[PDB]
Amino acid sequence: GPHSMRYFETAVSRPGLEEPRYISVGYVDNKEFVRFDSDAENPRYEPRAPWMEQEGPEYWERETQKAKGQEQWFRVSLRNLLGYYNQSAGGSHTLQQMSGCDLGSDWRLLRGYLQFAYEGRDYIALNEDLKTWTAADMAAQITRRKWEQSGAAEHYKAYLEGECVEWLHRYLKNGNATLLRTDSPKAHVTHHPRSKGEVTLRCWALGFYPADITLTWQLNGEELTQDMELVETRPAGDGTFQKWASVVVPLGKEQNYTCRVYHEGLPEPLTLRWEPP
Amino acid sequence: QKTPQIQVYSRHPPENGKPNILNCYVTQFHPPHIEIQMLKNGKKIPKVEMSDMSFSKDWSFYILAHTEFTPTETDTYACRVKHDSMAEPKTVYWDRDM
Amino acid sequence: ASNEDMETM
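Residues numbered from 1 in each chain as written, not as in the entry; some residues may be left out. Chains lettered and ligands numbered in written order. Heavy atoms only, no water.

What the deposited record gives as its method is X-ray crystallography, and the resolution it gives is 1.90 Å.

The PDB entry annotates chain B as Beta-2-microglobulin of Mus musculus. Listed under Subunit in UniProt, the entry text for chain B is "Heterodimer of an alpha chain and a beta chain. Beta-2-microglobulin is the beta-chain of major histocompatibility complex class I molecules. Forms a heterotrimer with MR1 and a metabolite antigen." (UniProt positions renumbered as here; feature names shortened; annotations may be inferred.)

Per the PDB entry, chain A is named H-2 class I histocompatibility antigen, D-B alpha chain, and its organism is Mus musculus. According to the UniProt record, the Subunit comment for chain A reads "Heterodimer of an alpha chain and a beta chain (beta-2-microglobulin). Interacts with murid herpesvirus 4 protein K3 (mK3)." Taken from UniProt, the Subcellular location comment for chain A reads in full: "Membrane".

Here you go:
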């Protein structure tokens, strides 16, 4: 399937302190693999996936030195934005960044990715061309002009198409056994009767990995639109995920309803119905 | 100011008298500062594990709070969240059916 | 491997 690498960076200014809290989180195929946090005893990038333990001390030192540079980049950028928006350092402010690359099943580059947010809102983004910028408002136009003048996009393009791709290739090869592993959902249906001769049927999918999953309900045949209740996919806390899909059915058609579960981990999609105790 | 969404649920399917893990999954909030408490019969649970804070593609922050618990017929469990986006702390009770 | 940003905002 497709592959990706992302670094999710956050800097939170701290009233009274010169240095903000800086956090950088790396992901390979939406799974955390590295982390840097400026609030640690001796701040350093640390492995977050078992397959990263094989990286030698020079890798960790090189990444840590980059994070020290980033702390300063974020500190200065937060100070500049405070001026652009006429804000007070008496309050905390948040700067975020997402960057990385996406690859196809053959591992060739599909796209580079670079965006920034200020106070949890889009600020500036690099377009898919990796040459032009989209500023979200008037203040971001100051940054866009500054970056057009310094030719910033060319340096980001070089990283996103080059180093980002080469390192992701290394991570995909090194993390192969972990990255390819799946955990199948275990499904079951529960009965929750209600008013007006109705009963809610809940189809559960538990202990699955990756998080991508589809749950469907049907009365004999044909899928059910909108009337189906669906929770957001949630972590169990052990590396697996959970999800449920429910339907309101008349108190006389329960065994007539079927749920289907679609997940890449399954030998084939699941088919189930409510079972009487 | 983005309002936190909360889900309170067990790691494993619940069975009365069987040790389990109670989760409080808090998402879609901004700014990242948040106060999360887990409660048993309206009383603060002292040992609560907090995941490291992360953010989603839409920029909003999320965090997972958890604690050991043994569900029973009578004990109630809740998660109470205090955030800048809300006038009052938000309390979500655990419901074994969800 | 992470990237170092260019010019500040």
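Asker: Explain the nonpolar core residue by residue, including any values.
Answerer: For soluble globular proteins, the rule of thumb is that nonpolar side chains tend to be buried together. Judged by nonpolar contacts, the single largest core of 45 residues is most densely connected at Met-5, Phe-33 and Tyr-171 of chain A. Top element by residues in this core is helix α3 (residues 152-174) of chain A. It accounts for eleven residues. (Core = buried A, V, L, I, M, F, W, Y, C linked by side-chain atoms within 4.5 Å. Buried < 20%, exposed > 50% of the residue type's maximum accessible area, 1.4 Å probe, protein only. Helix = DSSP H or I, 4+ residues; strand = E, 2+ residues; numbered from the N terminus.)

Asker: Quick rundown of the pairing of strand β3 (residues 35-40) of chain B? Include the residues and the values.
Answerer: Residues and elements named next belong to chain B. Examined bridge by bridge, β3 and strand β8 (residues 77-82) share six bridges and lie antiparallel to one another. Counterpart to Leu-39 in the pairing with β8 is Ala-78. Pairing of β3 with strand β4 (residues 43-44) involves two bridges; the strand directions are antiparallel. Looking across to β4, one finds that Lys-40 is bridged to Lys-43. Where β3 folds back on β4, the antiparallel hairpin that results is connected by two residues, among which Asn-41 adopts a positive phi of roughly 50°. (Pairing = 2+ DSSP bridges.)

Asker: Describe the UniProt feature "domain: Ig-like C1-type" in chain B, and please don't skip the residues or the numbers.
Answerer: Annotation from UniProt places "domain: Ig-like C1-type" at residues 4-93 of chain B. Helix makes up 0% of residues 4-93 of chain B and strand 52%, and the two end C-alpha atoms of the span are 15 Å apart.

Asker: I'd like a rundown of the UniProt feature "disulfide bond" in chain B, residues and numbers included.
Answerer: All names here are of chain B. UniProt pairs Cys-24 with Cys-79 in a disulfide, and the structure agrees, placing their sulfur atoms 2.2 Å apart, under the 2.5 Å limit. Of this pair, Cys-24 sits in strand β2 (residues 20-29) while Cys-79 sits in strand β8; the two residues are 55 residues apart in sequence, bridging distant segments of the chain. Assessed through its relative accessible area of 0%, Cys-79 is described here as buried. (Disulfide = S-S within 2.5 Å.)

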